[PDB]
$ cat structure-v2.tsv   # TSV, C-alpha atoms and all ligand atoms
chain	number	residue	atom	x	y	z
A	5	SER	CA	8.17	49.38	59.98
A	6	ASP	CA	8.19	53.12	60.73
A	7	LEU	CA	11.74	54.47	60.64
A	8	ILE	CA	13.41	57.85	61.02
A	9	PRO	CA	15.06	58.66	57.67
A	10	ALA	CA	18.81	58.47	57.13
A	11	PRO	CA	20.07	62.04	56.99
A	12	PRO	CA	21.52	63.59	53.87
A	13	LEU	CA	25.16	62.52	53.79
A	14	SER	CA	25.66	66.28	53.32
A	15	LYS	CA	25.21	66.65	57.12
A	16	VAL	CA	27.48	63.71	58.08
A	17	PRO	CA	31.07	65.09	58.42
A	18	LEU	CA	34.17	63.24	57.21
A	19	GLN	CA	37.45	63.19	59.17
A	20	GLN	CA	39.74	64.98	56.84
A	21	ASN	CA	43.23	63.62	56.30
A	22	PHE	CA	42.46	60.12	57.39
A	23	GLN	CA	45.26	57.90	58.53
A	24	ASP	CA	44.09	54.37	57.78
A	25	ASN	CA	46.91	52.77	59.81
A	26	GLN	CA	46.51	54.90	62.99
A	27	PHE	CA	42.84	53.76	63.06
A	28	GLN	CA	43.76	50.03	63.16
A	29	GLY	CA	43.15	48.10	66.38
A	30	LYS	CA	40.49	47.40	68.99
A	31	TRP	CA	37.71	49.91	69.65
A	32	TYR	CA	35.10	49.66	72.43
A	33	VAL	CA	31.59	50.70	71.42
A	34	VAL	CA	30.95	53.12	74.30
A	35	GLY	CA	28.01	54.75	72.47
A	36	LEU	CA	25.40	53.41	70.06
A	37	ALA	CA	22.63	55.30	68.24
A	38	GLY	CA	20.44	54.61	65.21
A	39	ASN	CA	16.93	54.62	63.73
A	40	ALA	CA	16.73	50.86	64.48
A	41	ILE	CA	18.56	51.22	67.83
A	42	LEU	CA	16.31	51.67	70.88
A	43	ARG	CA	17.05	51.97	74.63
A	44	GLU	CA	15.63	48.99	76.57
A	45	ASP	CA	16.09	49.30	80.37
A	46	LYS	CA	14.78	45.78	81.12
A	47	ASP	CA	17.77	44.20	79.33
A	48	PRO	CA	20.29	47.06	78.70
A	49	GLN	CA	22.78	46.68	75.83
A	50	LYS	CA	26.00	44.96	76.84
A	51	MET	CA	29.16	46.70	75.64
A	52	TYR	CA	30.96	45.09	72.71
A	53	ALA	CA	34.16	45.66	70.72
A	54	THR	CA	35.17	46.01	67.07
A	55	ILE	CA	38.67	45.22	65.79
A	56	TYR	CA	39.85	46.96	62.61
A	57	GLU	CA	42.90	45.21	61.17
A	58	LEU	CA	44.26	46.62	57.92
A	59	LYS	CA	44.86	44.16	55.07
A	60	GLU	CA	47.14	43.60	52.61
A	61	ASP	CA	45.47	45.82	49.99
A	62	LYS	CA	44.23	48.46	52.44
A	63	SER	CA	40.71	47.17	52.93
A	64	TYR	CA	39.99	46.78	56.63
A	65	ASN	CA	39.27	43.36	58.10
A	66	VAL	CA	36.55	44.19	60.63
A	67	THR	CA	35.87	41.66	63.42
A	68	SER	CA	33.24	42.48	66.05
A	69	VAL	CA	33.21	40.51	69.30
A	70	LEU	CA	30.15	40.56	71.58
A	71	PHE	CA	28.98	38.61	74.63
A	72	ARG	CA	25.67	36.89	73.89
A	73	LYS	CA	24.00	33.82	75.42
A	74	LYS	CA	26.97	33.07	77.72
A	75	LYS	CA	29.36	32.92	74.72
A	76	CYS	CA	31.39	35.14	72.37
A	77	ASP	CA	29.94	35.54	68.89
A	78	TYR	CA	32.24	36.99	66.24
A	79	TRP	CA	30.67	39.17	63.54
A	80	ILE	CA	33.31	39.31	60.76
A	81	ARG	CA	33.33	41.39	57.56
A	82	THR	CA	35.47	43.50	55.21
A	83	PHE	CA	35.40	47.26	54.65
A	84	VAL	CA	36.63	48.26	51.18
A	85	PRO	CA	37.82	51.89	50.76
A	86	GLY	CA	35.34	54.09	48.92
A	87	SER	CA	34.98	57.62	47.57
A	88	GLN	CA	37.56	59.21	49.86
A	89	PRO	CA	39.83	58.52	52.87
A	90	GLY	CA	37.57	57.78	55.86
A	91	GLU	CA	34.78	56.45	53.61
A	92	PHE	CA	34.29	52.71	53.05
A	93	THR	CA	31.82	50.23	51.63
A	94	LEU	CA	30.95	46.65	52.61
A	95	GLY	CA	32.95	43.99	50.77
A	96	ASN	CA	31.42	40.79	49.39
A	97	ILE	CA	27.97	42.47	49.51
A	98	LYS	CA	26.23	39.51	47.79
A	99	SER	CA	26.86	37.28	50.85
A	100	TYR	CA	24.21	39.18	52.79
A	101	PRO	CA	20.56	38.42	51.81
A	102	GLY	CA	18.41	41.51	51.15
A	103	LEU	CA	21.41	43.84	51.33
A	104	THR	CA	21.53	46.46	48.55
A	105	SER	CA	23.92	49.05	49.96
A	106	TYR	CA	26.24	49.65	52.90
A	107	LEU	CA	28.22	52.82	53.56
A	108	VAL	CA	30.76	53.54	56.29
A	109	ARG	CA	31.95	57.06	57.09
A	110	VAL	CA	34.40	58.04	59.85
A	111	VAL	CA	33.02	61.34	61.21
A	112	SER	CA	35.79	62.17	63.69
A	113	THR	CA	38.68	60.58	65.57
A	114	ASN	CA	41.90	61.43	67.42
A	115	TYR	CA	43.00	57.83	66.75
A	116	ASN	CA	44.36	56.99	70.24
A	117	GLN	CA	41.39	57.93	72.49
A	118	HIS	CA	38.03	58.19	70.69
A	119	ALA	CA	36.11	57.95	67.38
A	120	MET	CA	32.69	58.58	65.77
A	121	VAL	CA	31.77	56.43	62.76
A	122	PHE	CA	28.56	56.77	60.76
A	123	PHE	CA	27.05	53.73	59.00
A	124	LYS	CA	24.23	53.60	56.44
A	125	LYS	CA	22.71	50.33	55.33
A	126	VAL	CA	19.91	49.66	52.83
A	127	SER	CA	18.52	46.18	53.55
A	128	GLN	CA	15.31	44.62	52.21
A	129	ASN	CA	14.69	48.01	50.64
A	130	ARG	CA	14.43	49.79	53.99
A	131	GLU	CA	17.09	52.36	54.86
A	132	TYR	CA	18.89	52.10	58.21
A	133	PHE	CA	21.66	54.17	59.73
A	134	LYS	CA	23.61	54.23	62.99
A	135	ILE	CA	26.33	56.19	64.75
A	136	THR	CA	29.03	54.65	66.91
A	137	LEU	CA	30.91	56.24	69.79
A	138	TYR	CA	34.19	54.31	69.66
A	139	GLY	CA	36.39	54.47	72.76
A	140	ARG	CA	39.93	53.10	72.85
A	141	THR	CA	39.00	52.41	76.47
A	142	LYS	CA	35.61	51.34	77.90
A	143	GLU	CA	34.84	54.68	79.60
A	144	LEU	CA	34.94	58.17	78.03
A	145	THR	CA	34.56	61.78	79.23
A	146	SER	CA	31.14	63.45	79.61
A	147	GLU	CA	32.33	66.04	77.09
A	148	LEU	CA	32.79	63.39	74.36
A	149	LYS	CA	29.60	61.51	75.27
A	150	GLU	CA	27.33	64.60	75.28
A	151	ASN	CA	28.98	65.81	72.07
A	152	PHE	CA	27.98	62.42	70.60
A	153	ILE	CA	24.40	62.84	71.92
A	154	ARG	CA	24.28	66.23	70.18
A	155	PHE	CA	25.51	64.79	66.86
A	156	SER	CA	23.07	61.85	67.11
A	157	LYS	CA	20.29	64.43	67.53
A	158	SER	CA	21.66	66.60	64.69
A	159	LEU	CA	20.70	63.65	62.46
A	160	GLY	CA	17.12	63.41	63.78
A	161	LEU	CA	17.61	60.71	66.44
A	162	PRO	CA	15.77	61.32	69.73
A	163	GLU	CA	17.31	60.48	73.13
A	164	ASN	CA	15.56	57.07	73.35
A	165	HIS	CA	17.33	56.03	70.13
A	166	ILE	CA	20.70	56.69	71.78
A	167	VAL	CA	22.24	54.09	74.12
A	168	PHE	CA	25.47	53.73	76.06
A	169	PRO	CA	26.32	50.01	76.36
A	170	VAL	CA	27.29	49.03	79.92
A	171	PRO	CA	30.94	47.82	80.20
A	172	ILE	CA	31.64	44.08	80.55
A	173	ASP	CA	34.79	41.97	80.86
A	174	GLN	CA	33.60	38.92	78.88
A	175	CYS	CA	35.03	38.43	75.35
A	176	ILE	CA	36.17	42.05	74.97
A	177	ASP	CA	39.52	41.83	76.84
A	201	LIG	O1	25.37	40.88	63.27
A	201	LIG	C1	24.98	41.89	63.82
A	201	LIG	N1	23.70	42.07	64.13
A	201	LIG	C2	22.85	42.96	63.36
A	201	LIG	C3	21.42	42.96	63.87
A	201	LIG	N2	20.82	44.17	63.32
A	201	LIG	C4	20.59	45.32	64.18
A	201	LIG	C5	20.14	46.43	63.24
A	201	LIG	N3	21.24	46.96	62.46
A	201	LIG	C6	21.48	48.27	62.39
A	201	LIG	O2	20.80	49.08	63.01
A	201	LIG	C7	22.60	48.76	61.53
A	201	LIG	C8	22.53	50.01	60.94
A	201	LIG	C9	23.57	50.46	60.14
A	201	LIG	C10	24.69	49.66	59.94
A	201	LIG	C11	24.76	48.40	60.53
A	201	LIG	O3	25.85	47.61	60.34
A	201	LIG	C12	23.71	47.96	61.33
A	201	LIG	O4	23.78	46.73	61.91
A	201	LIG	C13	20.47	44.24	61.91
A	201	LIG	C14	21.27	43.12	61.25
A	201	LIG	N4	22.15	43.62	60.21
A	201	LIG	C15	22.50	42.86	59.18
A	201	LIG	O5	21.78	41.99	58.74
A	201	LIG	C16	23.84	43.10	58.54
A	201	LIG	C17	24.22	42.34	57.43
A	201	LIG	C18	25.45	42.56	56.84
A	201	LIG	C19	26.28	43.54	57.37
A	201	LIG	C20	25.85	44.27	58.47
A	201	LIG	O6	26.60	45.15	58.96
A	201	LIG	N5	24.66	44.04	59.03
A	201	LIG	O7	24.24	44.81	60.16
A	201	LIG	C21	25.97	42.96	64.17
A	201	LIG	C22	26.74	42.85	65.32
A	201	LIG	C23	27.66	43.85	65.64
A	201	LIG	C24	27.80	44.95	64.81
A	201	LIG	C25	27.02	45.06	63.66
A	201	LIG	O8	27.15	46.15	62.85
A	201	LIG	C26	26.11	44.07	63.35
A	201	LIG	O9	25.35	44.18	62.22
A	202	CL	CL	24.51	46.82	66.41
A	203	FE	FE	25.82	45.89	61.19
A	204	NA	NA	14.55	52.00	48.87
A	205	NA	NA	39.39	40.06	71.37
$ encode --input "structure-v2.tsv" --output "structure tokens" --more "lines below"
Ligand SMILES: O=C(NCCN(CCNC(=O)c1cccc(O)c1O)CCNC(=O)c1cccc(=O)n1O)c1cccc(O)c1O
Ligand SMILES: [Cl-]
Ligand SMILES: [Fe+3]
Ligand code: NA
Ligand code: NA
Amino acid sequence: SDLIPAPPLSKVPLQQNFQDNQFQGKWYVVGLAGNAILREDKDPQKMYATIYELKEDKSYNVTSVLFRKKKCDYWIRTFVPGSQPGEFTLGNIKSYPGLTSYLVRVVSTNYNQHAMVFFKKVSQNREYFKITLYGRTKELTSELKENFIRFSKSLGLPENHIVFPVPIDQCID
């Protein structure tokens, strides 16, 4: 396993004043980048969606829905608030074999249109990270998408580690 290193959190911006309620709801993953993410033009990534529903006690209840093998699989987990508004950590961490650490950080969002969230995961002792271009709709402006490509590069990811999942209608509507 050769892997680009996770950047210093120092160079991963936080969205200052973070409104945890205005971020609730469905988000379409219009952009996906990471040191373990790789463009594959034979079988391009199908677009998927993540639903953030706020508990209860303010931890998010994060359900991801994605269309795989002619069905909808539901990846479900909890984000517990961390250091500061916009930062979270994975809840019930012991459920996941090999998993030592998981860190969520909301880089930027205007809540009703778009969002960039940074994730950093240490699993089986290897250190992964990814960035997510969240769209409230399935398509986004070139401005936002290129701005995301720039940020993804600012953290050492080359263009072939940056994908834009192709929109689908299965499971995600
Ligand atoms: O279940 C999923 N498949 C993960 C397959 N995978 C790709 C590489 N990951 C990555 O590149 C990656 C990098 C940073 C953060 C992530 O969540 C990542 O999946 C690695 C599998 N990951 C796990 O075992 C895992 C166990 C427990 C929580 C968790 O989130 N993950 O992923 C999955 C689906 C939708 C969104 C996710 O975020 C997922 O994780
Ligand atoms: Cl993924
Ligand atoms: Fe994950
Ligand atoms: Na390590
Ligand atoms: Na749904």
$ closest_residue --input "structure-v2.tsv" --among "A:85, A:17, A:95, A:35" --to "residue 170 (chain A)" --atoms "all atoms listed in the file"
A:35
$ atom_distance --input "structure-v2.tsv" --atom1 "CA of residue 10 (chain A)" --atom2 "CA of residue 118 (chain A)"
23.5 Å
$ residues_near_point --input "structure-v2.tsv" --point "(36.4, 49.2, 70.5)" --cutoff "6 Å" --atoms "all atoms listed in the file" --output "ChimeraX atom specification"
/A:30-33,53-54,138-140
$ closest_residue --input "structure-v2.tsv" --among "A:64, A:52, A:152, A:122" --to "ligand NA 205 (chain A)" --atoms "all atoms listed in the file"
A:52
$ residues_near_ligand --input "structure-v2.tsv" --ligand "ligand CL 202 (chain A)" --cutoff "12 Å" --atoms "all atoms listed in the file" --output "ChimeraX atom specification"
/A:33-42,49-54,68-70,79,123,125,132-137,166-169
$ atom_distance --input "structure-v2.tsv" --atom1 "CA of residue 29 (chain A)" --atom2 "CA of residue 101 (chain A)"
28.6 Å
$ closest_residue --input "structure-v2.tsv" --among "A:61, A:24, A:45, A:77" --to "residue 91 (chain A)" --atoms "all atoms listed in the file"
A:24
$ axis_aligned_box --input "structure-v2.tsv" --around "region 169-173 of chain A" --padding-each-side "6 Å" --output "AutoDock Vina command-line options"
--center_x 30.6 --center_y 46.0 --center_z 78.6 --size_x 20.5 --size_y 20.0 --size_z 16.5
$ closest_residue --input "structure-v2.tsv" --among "A:109, A:98, A:115, A:74" --to "residue 14 (chain A)" --atoms "all atoms listed in the file"
A:109
$ closest_residue --input "structure-v2.tsv" --among "A:110, A:176, A:144, A:103" --to "residue 20 (chain A)" --atoms "only C-alpha atoms"
A:110
$ closest_residue --input "structure-v2.tsv" --among "A:28, A:93, A:67, A:113" --to "ligand NA 205 (chain A)" --atoms "all atoms listed in the file"
A:67
$ residues_near_point --input "structure-v2.tsv" --point "(35.8, 42.9, 56.0)" --cutoff "9 Å" --atoms "only C-alpha atoms" --output "PDB file with C-alpha atoms, in the frame of the given file"
ATOM      1  CA  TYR A  56      39.850  46.960  62.610  1.00  0.00           C
ATOM      2  CA  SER A  63      40.710  47.170  52.930  1.00  0.00           C
ATOM      3  CA  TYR A  64      39.990  46.780  56.630  1.00  0.00           C
ATOM      4  CA  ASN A  65      39.270  43.360  58.100  1.00  0.00           C
ATOM      5  CA  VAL A  66      36.550  44.190  60.630  1.00  0.00           C
ATOM      6  CA  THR A  67      35.870  41.660  63.420  1.00  0.00           C
ATOM      7  CA  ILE A  80      33.310  39.310  60.760  1.00  0.00           C
ATOM      8  CA  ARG A  81      33.330  41.390  57.560  1.00  0.00           C
ATOM      9  CA  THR A  82      35.470  43.500  55.210  1.00  0.00           C
ATOM     10  CA  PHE A  83      35.400  47.260  54.650  1.00  0.00           C
ATOM     11  CA  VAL A  84      36.630  48.260  51.180  1.00  0.00           C
ATOM     12  CA  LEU A  94      30.950  46.650  52.610  1.00  0.00           C
ATOM     13  CA  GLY A  95      32.950  43.990  50.770  1.00  0.00           C
ATOM     14  CA  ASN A  96      31.420  40.790  49.390  1.00  0.00           C
TER      15      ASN A  96
END
$ residues_near_ligand --input "structure-v2.tsv" --ligand "ligand NA 204 (chain A)" --cutoff "12 Å" --atoms "only C-alpha atoms and all ligand atoms" --output "PyMOL selection string"
chain A and resi 9-10+102-105+125-132
$ atom_distance --input "structure-v2.tsv" --atom1 "atom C1 of ligand LIG 201 (chain A)" --atom2 "CA of residue 72 (chain A)"
11.3 Å
$ build_atoms --input "structure-v2.tsv" --residues "region 108-123 of chain A" --atoms "N, CA and C atoms" --output "compact mmCIF listing (two decimals), keeping the file's coordinate frame"
# COMPACT_ATOMS: atom_id res chain seq x y z
N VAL A 108 30.09 53.13 55.06
CA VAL A 108 30.76 53.54 56.29
C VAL A 108 31.39 54.91 56.08
N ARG A 109 31.34 55.73 57.12
CA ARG A 109 31.95 57.06 57.09
C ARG A 109 32.48 57.44 58.48
N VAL A 110 33.79 57.64 58.58
CA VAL A 110 34.40 58.04 59.85
C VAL A 110 34.22 59.55 60.05
N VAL A 111 33.30 59.92 60.95
CA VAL A 111 33.02 61.34 61.21
C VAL A 111 34.21 62.06 61.83
N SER A 112 34.64 61.59 63.00
CA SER A 112 35.79 62.17 63.69
C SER A 112 36.55 61.15 64.52
N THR A 113 37.86 61.37 64.66
CA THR A 113 38.68 60.58 65.57
C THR A 113 40.01 61.28 65.84
N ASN A 114 40.52 61.09 67.06
CA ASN A 114 41.90 61.43 67.42
C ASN A 114 42.74 60.16 67.52
N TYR A 115 42.25 59.08 66.92
CA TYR A 115 43.00 57.83 66.75
C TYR A 115 43.33 57.05 68.03
N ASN A 116 43.90 57.71 69.04
CA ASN A 116 44.36 56.99 70.24
C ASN A 116 43.41 57.01 71.45
N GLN A 117 42.34 57.81 71.37
CA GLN A 117 41.39 57.93 72.49
C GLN A 117 39.96 57.60 72.08
N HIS A 118 39.46 58.28 71.05
CA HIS A 118 38.03 58.19 70.69
C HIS A 118 37.78 58.25 69.18
N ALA A 119 36.55 57.91 68.79
CA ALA A 119 36.11 57.95 67.38
C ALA A 119 34.58 57.93 67.21
N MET A 120 34.10 58.64 66.19
CA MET A 120 32.69 58.58 65.77
C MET A 120 32.60 58.11 64.32
N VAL A 121 31.97 56.96 64.11
CA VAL A 121 31.77 56.43 62.76
C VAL A 121 30.28 56.32 62.45
N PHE A 122 29.92 56.82 61.27
CA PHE A 122 28.56 56.77 60.76
C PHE A 122 28.43 55.60 59.79
N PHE A 123 27.34 54.84 59.91
CA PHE A 123 27.05 53.73 59.00
C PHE A 123 25.67 53.92 58.39
